Protein chains: 2
Amino acid sequence: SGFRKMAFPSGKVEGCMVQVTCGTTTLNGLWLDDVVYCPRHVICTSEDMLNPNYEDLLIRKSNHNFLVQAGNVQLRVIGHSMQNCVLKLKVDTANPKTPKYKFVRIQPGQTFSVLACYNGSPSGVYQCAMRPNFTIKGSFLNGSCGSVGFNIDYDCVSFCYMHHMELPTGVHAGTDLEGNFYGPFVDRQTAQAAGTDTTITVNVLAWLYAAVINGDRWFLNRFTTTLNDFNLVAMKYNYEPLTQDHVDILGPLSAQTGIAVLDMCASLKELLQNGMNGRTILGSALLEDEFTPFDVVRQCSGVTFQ
Amino acid sequence: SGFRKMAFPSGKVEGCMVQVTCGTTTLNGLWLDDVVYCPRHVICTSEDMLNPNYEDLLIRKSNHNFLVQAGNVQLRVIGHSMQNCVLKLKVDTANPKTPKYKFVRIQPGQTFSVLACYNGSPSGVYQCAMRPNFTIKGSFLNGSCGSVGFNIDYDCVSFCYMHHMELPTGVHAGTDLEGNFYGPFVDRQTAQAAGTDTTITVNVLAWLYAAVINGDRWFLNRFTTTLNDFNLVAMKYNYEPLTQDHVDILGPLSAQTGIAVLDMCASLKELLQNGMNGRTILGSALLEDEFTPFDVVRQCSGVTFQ
Ligand SMILES: COc1ccc(Cl)cc1CC(=O)Nc1cncc2ccccc12
Ligand SMILES: COc1ccc(Cl)cc1CC(=O)Nc1cncc2ccccc12
C-alpha cells in the first residue's frame, strides 16, 4: 500500500554522465558508445548568449578545444559535429558502461525521471511531467545543463530530455537527444513566452484510480456524465479535453477498481466545481497530474527492471 | 530555480541488492563484503507469522537451506547468524561492487531515500521521512521486504532502514541494519498501535525558507513571536515543539534569506491559525514536513556525490 512520486533507479544513467569543457564553459555530457552529447551553448561565452551565431562560433573551435572528463578518465575528441541544438563529440574510447538505449521524443503529459548533474557528477533524481506547453517544472541550478531525463523499460534506457535553459519565469526548457527543442524555444538569452499551462486530465483520472486502490473513496459520487458534458466543464477550468484514446488507456484501471471511466469523470467534475473542502486525496490537497496511467499500474503492480 | 522531492542517485545501492530464498519465502537482501543482510522472517511460513518462535525456527535451518542470487550469480552460504530482527548470511564471495558504507540509526524527522526492490531487482526510488511515531509512509507491495533506505555523504553510503512489514493501517515499519526496530513494533502478524503522528516543525520551517529562496513570499507577515508563544500554538495543532537546537540548525537559511527564525515562526503561526485560504506554497496546498534543513541547502546549493 501507499503511493509516492517514484523515480526510476538511476544506476544505468550515472555511468554515462561526463564533464564537457570548451574554453571556460563547463557543463554535463552524455557518453554513449564513442559519442558524447551535450548542449551546443557550451561553445559560447556569457556575452555570446544574447545573440549567438552558433555556426560562426563553432568554426573557430577545433577537436583539441574540447575537454571531456569521465571522473578521472580523460577522453580525447577526434571529431565534432552540430546536430540542431546538440553537439556530438566523437571520442577515442567507447563507454564500457553503455546500456541498451534508444532516443525517444515524448509527447506532452508523459512523465520521466531527471538525473540532475553538476560537473559530470550526480546530485539527485526526481520524477516530472512534460507540461502541455512543452516546459518542465524542474529543480535546476547553474551548471545543470546537459542533465538528462529518461525512462526505463526492462533493460532499455529511453533518453527523452536534455536540459538546456531556465526561462526568466523559472520554468525549464530543453531538447530531445537529436537536438530538437520541445516547444517553440530557442537557445539564446532573450525573453520567450511559454503558452498557457493546462492540467493533464487523463493523468488526474489515473491518480484518482490510484486513490481508490489505496482506500480513499470519499470523492466517489452517485452521479454520472457524458464525454461532451465533462469536456465542457473541463475546458472551463483549463483542463485538457478527454478523448476516446484516453478512455481506452484507462481501461485496465477501470477493470481493477470496477469504476467506469465516465463514472470517475463525474466524480472529477464535482471536485472541479465544488472543490475538495479542506479534504485530501493521497495526502494532497490539490488534484495531481504528474502520474500517467502507466505510472499507476507500474507502482501498484510492482514492475521491476534490470 | 525550482524545488522537487529529490532522492539520492541509487547506483551505489543497486549493485548491493540480492534475492534471498529460504524454503519457499523469497525477499530482498543487502550484500556488503561477504555478508548478506535480510529480514529474519524469511525463515517463516504464512502460518508461522501469527506467533513465530524465531529461535526454534532458525535451528531447523542449515546453511544449504538458504539460496542467495545476485542476478544470475549464485552465492553459497557458509555461515548464518541472527542479530536481533535481521539474519546475517556469510557467503563465499565478497561483493566487488561494495561501496564505502556505514550503518546509521537515524532520529525521527530525518529523511532518506528508499530503493524499492522485488526479487532482488530495483523498481523505483523515492524520498521519505521517519515520522515522529517511527513509521514511514512508503510505497511497498508484497515482496518488498528487505528493501533499504539510505543517504549518501560524498562517497559514503549510509544505510539507515530495512523494510520489514506493513501495518494493518497501511503505514510501514522496519529496522536499522543491526536489526533493531524503529519504534515499539515486533515482527509478527498482530494488531500493533502506532502513536500519534505529529508534524515535524523544523522541517516545515526549512521548507518555508526554500519557498522564499524560490520567490514565494506572500506568507511573510509583519508580526513576530517568541519561542514559548509559538510552541503554545504549535502543540495545539499537533506540531513538534521547537527547541534552541532547531534554531541553531536553521541558522544558515536565516542568513541566506535575511529572515530571522523567530520571524519565520510568526509567519507559520498565522498559517496554522488562519490557513492558506486557497493559496499554494511551492506548488502545494499543505504545509510540507519531509524536507530537512540539510535537504534544502543541498538542493538550493547543488551538492554532488561520487
Ligand atoms: C540565461 O542563461 C542561458 C540562456 C540561454 C541558454 Cl540556451 C542557456 C542558458 C544557461 C541556463 O539557463 N542555465 C541554467 C539552467 N537551469 C537552471 C539555472 C539556474 C540558474 C542559472 C542558470 C541556470
Ligand atoms: C502481514 O505480513 C507480515 C507480518 C509480519 C511481518 Cl514482520 C512481515 C509481514 C509481511 C509484510 O508485511 N509484507 C509487506 C510489506 N510491505 C508492503 C506489503 C503490501 C502488501 C502485502 C505485504 C506487504
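Please note: Cβ atoms are built from the backbone with ideal geometry, for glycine as well, and neighbour counts cover all protein chains shown. All of the numbers you see were taken from the coordinates with simple rules; none came from a lab.
Report yes if some residue within the stretch B:84-91 is within 14 Å of another protein chain (Cβ to nearest Cβ) and touching a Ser or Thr at 6+ places or on another chain (Cβ under 7 Å); otherwise report no. Taking every residue of the stretch B:84-91 in turn, none turns out to be within 14 Å of another protein chain (Cβ to nearest Cβ) and touching a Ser or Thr at 6+ places or on another chain (Cβ under 7 Å). Kindly indicate the residue of the stretch B:9-55 that is among the charged types (D, E, K, R), more than 19 Å from A:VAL125 (Cα to Cα) and part of a helix (DSSP H, G or I) and also farthest from the other protein chains (Cβ to nearest Cβ) among those meeting that condition. This residue is B:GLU55. Which members of the stretch A:65-121 meet the condition of being touching a helix residue (DSSP H, G or I) at 6+ places or on another chain (Cβ under 9 Å), aliphatic (A, V, I, L, M) and away from ligand 1 (no atom under 16 Å from the Cβ)? Residues satisfying the conditions are A:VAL77, A:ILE78, A:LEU89.
Listed here are the strands (runs of 3 or more DSSP E) enclosed by the stretch A:134-214 that have at least 2 residues being more than 16 Å from ligand 2 (Cβ to nearest atom) and within 16 Å of A:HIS41 (Cα to Cα): A:156-166, A:172-175. Filtering the stretch B:184-216 to residues that are small (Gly, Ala, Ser) and surrounded by fewer than 19 Cβ atoms within 10 Å (Cβ to Cβ) leaves B:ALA191, B:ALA193, B:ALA194, B:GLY195, B:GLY215. Being within 16 Å of ligand 2 (Cβ to nearest atom), within 14 Å of another protein chain (Cβ to nearest Cβ) and within 25 Å of the chain's Cα centre (by Cα) is a property that A:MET6 has. Among the listed residues B:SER123, B:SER62, B:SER144, B:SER81, which satisfies the condition of being touching a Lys or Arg at 6+ places or on another chain (Cβ under 7 Å), of a type in the set (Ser, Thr, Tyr) and over 28 Å from B:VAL202 (Cα atoms)? Result: B:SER81 is the single residue among B:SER123, B:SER62, B:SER144, B:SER81 that is touching a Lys or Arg at 6+ places or on another chain (Cβ under 7 Å), of a type in the set (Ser, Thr, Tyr) and over 28 Å from B:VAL202 (Cα atoms). Residues that are assigned to a helix (DSSP H, G or I), crowded, with 18+ Cβ neighbours inside 10 Å and either within 14 Å of another protein chain (Cβ to nearest Cβ) or acidic (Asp, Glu) (or both) do occur in the stretch B:279-296.
Taking every residue in the stretch A:122-147 that is within 7 Å of chain B (Cβ to nearest Cβ) and pairing it with any residue that is in a strand (DSSP E or B) and of a type in the set (D, E, K, R), at least 6 positions away or on another chain, the pairs with Cβ-Cβ distances below 7 Å are A:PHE140/A:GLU166. Among the residues making up the stretch A:100-121, those that are under 12 Å from the mean Cα position of the chain (by Cα), within 13 Å of another protein chain (Cβ to nearest Cβ) and of a type in the set (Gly, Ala, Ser) are A:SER113, A:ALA116. Scanning the stretch B:228-257 for residues that are hydrophobic (A, V, I, L, M, F, W, C), part of a helix (DSSP H, G or I) and buried (at least 17 other Cβ atoms within 10 Å of the Cβ) gives B:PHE230, B:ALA234, B:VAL247, B:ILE249, B:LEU253.
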